[PDB]
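Residue numbers (the numbering used here): 1 to 295.
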Ligand SMILES: N[C@@H](CP(=O)(O)O)C(=O)O
Ligand SMILES: [Cl-]
Ligand SMILES: [Mg+2]
């Protein structure tokens, strides 16, 4: 029944100063205080008989004004053995759909749909169909043009995935985006597997359609189920991280589910939030020390 709280800063704004650690440590009346990364993350072994509802409040209030995330959990079962991760806006900095939209002159028009889809105001599948329709007649060349010139990796991402593969964890990049993107991005970051939707083409141009049945909110949950049976585990052994409504099924089902820099209504719904850290936050959530990372 033993607890632990973890404080995480962004490694590029490492404001978790030694004095804050002690302060927070004593706000929750804690014994140990264990440093995972100097000025970035620390473990506060909670005292028994304290619902995380309180330890959250104590720590969030003590830390108020500082760019430091708080999560509380049980110390055992912290290191997950599956990672299932969103691509667009989670592991890359862009929306692959919105970037292709630039190549048709409608980035602004399509990004507003994307925004509403990822907030959960519209279902993913008609949102994909509507946005993808406007890519009709686009040549296939635009794919690598966008990957090469406008796609960039979210900080912490290679480190996160490489460091879990080092500890025997299966890592899947599970996206509502497009296989021509996820196949490259996943090899680039270091995933074992990727699964995304598929654009249809005639051999030169994009048809403007997507291969049906579309993978949406539900298909991310099933991929999580498929992977867990396949590897001899349950989804409780998984950590899931995304930003939009199509990740909520998989975030809610995983043993550890993380709304990372999530849209307004999405973070409103998630139990565990990271609003300041980068992708290394998930390593510190899992109890890794910076010693244990892959450089
Ligand atoms: N957000 C993207 C795809 P994803 O984040 O699931 O990788 C979209 O709107 O199509
Ligand atoms: Cl594709
Ligand atoms: Mg996303």
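Even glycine gets a Cβ: it sits at the ideal position worked out from N, Cα and C.
Cut-off 8 angstroms between Cβ atoms - residues of its own chain near residue i, not counting five sequence neighbours on either side
i, result
"residue 152", "92, 93, 94"
"residue 182", "87, 173, 175, 194, 195, 196"
"residue 204", "139, 140"
"residue 68", "7, 8, 9, 15, 16, 20, 276"
"residue 221", "249, 250, 253"
"residue 113", "122, 127, 130, 131"
"residue 77", "236, 255"
For residue j and residue i, believed in contact at Cβ under 8 angstroms, the rounded distance
i, j, result
"residue 71", "residue 55", "In fact, because the Cβ distance is near 10 angstroms, the residues do not count as touching under 8 angstroms."
"residue 247", "residue 81", "The Cβ separation is near 19 angstroms, so there is no contact."
"residue 207", "residue 136", "6 angstroms"
"residue 132", "residue 199", "7 angstroms"
"residue 38", "residue 4", "Actually they do not touch by this definition, with Cβ atoms about 19 angstroms apart."
"residue 287", "residue 79", "6 angstroms"
"residue 29", "residue 47", "6 angstroms"
"residue 260", "residue 31", "Residue 260 to residue 31, Cβ: 30 angstroms. No contact."
"residue 41", "residue 284", "4 angstroms"
Residue nearest to residue i in terms of C-alpha spacing, selected from the options
i, options, result
"residue 244", "226, 17, 269", "269"
"residue 266", "122, 53, 188", "122"
"residue 115", "98, 125, 241", "98"
"residue 232", "11, 168, 282", "168"
"residue 17", "66, 48, 52", "66"
"residue 197", "120, 284, 173", "173"
"residue 49", "38, 74, 40", "74"
"residue 60", "34, 273, 222, 286", "273"
"residue 212", "124, 226, 150, 101", "124"
"residue 126", "214, 101, 262", "214"
"residue 107", "283, 117, 134", "134"
"residue 271", "53, 33, 34", "53"
"residue 147", "202, 100, 33", "100"
Residues near residue i by beta carbon distance below 6 angstroms, same chain, minus five either side
i, result
"residue 180", "143"
"residue 240", "84, 250, 251, 254, 257"
"residue 2", "75"
"residue 58", "27, 28"
"residue 228", "234, 235"
"residue 262", "243"
"residue 186", "173, 194"
"residue 223", "174, 195"
"residue 51", "none"
Cβ-based neighbour list, residue i, same chain, cut-off 7 angstroms, excluding 5 preceding and 5 following
i, result
"residue 62", "23, 24, 27"
"residue 218", "249"
"residue 164", "83, 171"
"residue 278", "10, 11, 154, 155, 156"
"residue 209", "132, 200"
"residue 178", "96, 196, 197, 198, 199"
"residue 280", "11, 156, 159, 160"
"residue 129", "210"
"residue 294", "159, 162, 163, 166"
"residue 289", "36"
"residue 120", "245, 265, 266"
"residue 310", "Not covered by the structure: residue 310. The range shown for the chain is 1 to 295."
"residue 291", "none"
"residue 225", "235"
"residue 189", "91, 153, 157, 158, 161"
"residue 191", "161, 171, 172, 173"
"residue 282", "160, 239, 241, 258"
Any non-hydrogen atom of ligand 5 within 7 angstroms of residue i CB
i, result
"residue 144", "Annotation note on ligand 5: not contained in the displayed structure, which lists ligand 1, ligand 2 and ligand 3 as its ligands."
is_contact[residue i, chain C] using C-beta, thresh 8 angstroms
i, result
"residue 129", "No chain C is part of this structure, which consists of one protein chain only."
Sequence ranges, alpha helix (DSSP H) only - wholly within the stretch 61-123, length at least 4: Runs of the alpha helix (DSSP H) inside the stretch 61-123: 96-102, 107-119.
Nearest-residue set for ligand 2, Cβ under 5 angstroms from any heavy atom: Qualifying residues come out as 178, 179, 180, 198, 199.
Complete beta strand (DSSP E) runs within the stretch 197-266 (minimum length 3 residues, chain order): Counting whole runs of 3 or more residues, the stretch 197-266 contains the beta strand (DSSP E) stretches 199-201, 206-210, 238-242, 256-260.
Beta strand (DSSP E) runs wholly inside the stretch 14-46, at least 3 long, in chain order: Counting only runs of 3 or more residues that sit fully inside the stretch 14-46, the beta strand (DSSP E) segments are 34-37, 41-44, in chain order.
Whole runs of the beta strand (DSSP E) within the stretch 132-203, excluding any shorter than 3 residues: Entirely contained in the stretch 132-203, the beta strand (DSSP E) runs reaching 3 residues are, in chain order, 170-178, 193-197, 199-201.
Around ligand 1, Cβ to any heavy atom closer than 6 angstroms, ordered along the chain: My final list is 86, 87, 88, 89, 95, 97, 114, 117, 118, 128, 175, 176, 177, 244, 246.
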